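These notes concern the structure reproduced below.
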Ligand SMILES: Cc1cc2nc3c(=O)[nH]c(=O)nc-3n(C[C@H](O)[C@H](O)[C@H](O)COP(=O)(O)OP(=O)(O)OC[C@H]3O[C@@H](n4cnc5c(N)ncnc54)[C@H](O)[C@@H]3O)c2cc1C
């Protein structure tokens, strides 16, 4: 009755936790030496002391009811974050007024006022993390918390409860269905055998040519409409507690914010998120990272950034175990194609943020997807027996 789960992100850990509770025997393969995947919490030293920062996923939003259930069971608390003018809203209203096609095709229909149109384009590109020329126009249609002590405390606790079932330092390279039943999971070192497997790997990993996973023409047809969002997290220390804030940069395609932690004080950390691959390339975070600090300092003259400060950068696009930040939708995504993506191929099931139909791309979606896959696996094992 052996189940193999590939990836110890929220999707894989949620699948494994539900299967463990059902009394099944699970093994979780994780390439990193930590759980959580794109949930990754660390501390940043500042002149006021050390503060938790989110190098990946940050905000728990309204409606994250599966994650809230898990936080309750693992004893973890949510902390309120405490967080040109309006012309972008009106311009987006005119935009809608004019859901087929791409956002850019709709922006092209607006009166040709380029700085204002580009301000709206930037808002779209930051949040969808893709070019406006590729994302569905339906994205134009579109209070917060963080986990006390770091969002990664949740996957940390889920993994800890699975104990020796979680196998770190294991890089999956192939997954093969066997005709008479069962699955072979091959890492860089050796192969294991399972009755069923849940692939809970990133979108970019399951589409990577360096891995041999089960595929079908129907899946390939649905996957081609799922875009890879790209984003980088950036953090700077501050010399004193600021007000809470949220301030966007049009030219840089990034957002900055300052937020309260469990103490009730606003942490002296400038948090930042840059979205869309062309923005990250224009920023040149790897080569000349003082440039972005200079831009951030100019954007946020109200914040006291030390003069010799260097940004902490987390460019998930360059991590072969992530390959981007989250999924986005091209115009051609359908509910039926999205549903297809979680159906098994042989005895190989699937979970991840990219196949969630409502909370697409979010921590809540990864959890919900993992828990759906666990339910499908339990039906398959009931069948095999
Ligand atoms: C910068 C950034 C900001 C975000 N902001 C938010 C936010 O504010 N709120 C929100 O809800 N969501 C946000 N997210 C999205 C959220 O991080 C994801 O939806 C979610 O964490 C994805 O979980 P997953 O389990 O699907 O994938 P992952 O977390 O990527 O887990 C997949 C796992 O597979 C492992 N792995 C990869 N390749 C292999 C291999 N070959 N063999 C074995 N293991 C392998 C990885 O190491 C990883 O542990 C953000 C993401 C990023 C990157």
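Numbering (the authors' numbering), first residue to last: 2 to 84, 91 to 105, 118 to 161, 169 to 411. By construction, the Cβ of each residue, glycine as well, lies at the ideal position given by its N, Cα and C atoms.
Note the first and the last residue of the continuous beta strand (DSSP E) segment covering residue 284. It spans 280–284 - the beta strand (DSSP E) in which residue 284 sits, taken as one unbroken run.
Which word fits residue 278, buried or exposed, when buried means at least 16 other C-beta atoms lie within 10 angstroms of its C-beta? Residue 278 counts as buried, since no fewer than 16 other beta carbons sit within 10 angstroms of its beta carbon.
Three-pair Cβ contact test at 8 Å for the segment 328–342 versus the segment 362–373: As far as the Cβ criterion goes, the segment 328–342 does not touch the segment 362–373, which means the pair count is below three.
Under the criterion of a Cβ to heavy atom distance below 7 Å, does residue 194 qualify as lining ligand 1? No - ligand 1 has no heavy atom lying nearer than 7 Å to the Cβ of residue 194.
Selected residue, minimal CA-CA separation from residue 220, among 231, 208, 212: Ranking the options by Cα distance to residue 220, first place goes to 208.
For the segment 122–129 against the segment 302–313, do three or more pairs of beta-carbon atoms, one drawn from each stretch, fall closer than 8 Å, so that the two count as touching? No, the segment 122–129 does not touch the segment 302–313.
How about the segment 3–20 and the segment 383–401: do they share at least three Cβ pairs that are nearer than 8 Å? Contact between the segment 3–20 and the segment 383–401 is present: 3 or more CB-CB pairs across the two stretches fall below 8 Å.
Note the first and the last residue of the continuous alpha helix (DSSP H) segment covering residue 100. For residue 100, the enclosing alpha helix (DSSP H) covers residues 94–104.
Could you pull out every residue in the same chain whose Cβ sits closer than 7 Å to the Cβ of residue 374, ignoring the five residues on either side in sequence? Excluding its 5 nearest sequence neighbours in each direction, residue 374 has C-beta neighbours in its own chain below 7 Å: 201, 203, 209, 223, 225, 240, listed in chain order.
If you draw a straight line from the C-alpha of residue 250 to the C-alpha of residue 11, how long is it? One C-alpha to the other measures close to 24 Å.
Expected contact under 8 Å - CB spacing of residue 181 and residue 36 to nearest Å: Yes, they are in contact, since the Cβ atoms of residue 181 and residue 36 sit about 5 Å apart, within 8 Å.
One question on the structure: do residue 108 and residue 56 come within less than 8 Å of each other, judged by their Cβ atoms? This model leaves out residue 108; its place in the chain lies between 105 and 118, and no residues are given there.
Residue 197 beta carbon near ligand 1 (any heavy atom closer than 7 Å): Yes, ligand 1 has a heavy atom inside 7 Å of this Cβ.
Burial state of residue 346 (16 or more Cβ within 10 Å): The residue is exposed, with fewer than 16 neighbouring Cβ atoms inside 10 Å.
For residue 369, verify whether its CB is less than 7 Å away from any heavy atom of ligand 1. Checking every heavy atom of ligand 1 against the Cβ of residue 369, none is found closer than 7 Å.
Give the range of the alpha helix (DSSP H) segment to which residue 19 is assigned. 11–22 is the span of the alpha helix (DSSP H), which, as asked, contains residue 19.
CB-CB length for residue 354 against residue 154, believed under 8 Å: With a contact defined as Cβ atoms closer than 8 Å, residue 354 and residue 154 qualify at about 5 Å.
Using 8 Å for Cβ pairs, my map puts residue 286 next to residue 82. What's the rounded Cβ distance? The beta carbons of residue 286 and residue 82 sit about 6 Å from each other, so the pair counts as a contact at 8 Å.
Counting only runs that start and end within the segment 243–331, where is the beta strand (DSSP E) found for 3 or more residues in a row? The DSSP assignment places 252–255, 257–263, 271–275, 280–284, 295–301 as complete runs of the beta strand (DSSP E) inside the segment 243–331, in order along the chain (cut-off: 3 residues).
Looking at the secondary structure, which residues open and close the beta strand (DSSP E) in which residue 217 lies? Looking at the DSSP string, the run of the beta strand (DSSP E) that includes residue 217 is 217–220.
I want to check one thing, is the minimum distance from the CB of residue 274 to the heavy atoms of ligand 1 below 7 Å? Checking the Cβ of residue 274 against ligand 1 gives no.
Which one or two residues does DSSP pair with residue 375 in a beta bridge? For residue 375, which the question treats as bridged, DSSP gives the partners 224.
Among 140, 63, 62, 72, whose alpha-carbon lies nearest the alpha-carbon of residue 94? It is 140 whose Cα lies nearest to the Cα of residue 94.
Going by Cα to Cα distance, which pick from 407, 388, 408 is closest to residue 147? Minimum Cα distance to residue 147 is reached at 388.
Rounded straight-line distance, which links the Cα of residue 177 to that of residue 183: One C-alpha to the other measures close to 11 Å.
Residue 55: first and last residue of the uninterrupted beta strand (DSSP E) it sits in: Where residue 55 is concerned, the enclosing beta strand (DSSP E) starts and stops at 50–55.
Residue 284 burial status per 10 Å Cβ neighbour count (16 or more: buried): Residue environment: residue 284 is assigned as buried (16 or more neighbouring CB atoms within 10 Å of its CB, all protein chains considered).
For residue 216, which option in 206, 196, 231 has the closest C-alpha, if you only look at C-alpha atoms? Closest option to residue 216, Cα to Cα, is 196.
May I ask whether a heavy atom of ligand 1 can be found less than 7 Å away from the beta carbon of residue 39? Yes, the Cβ of residue 39 comes within 7 Å of a heavy atom of ligand 1.
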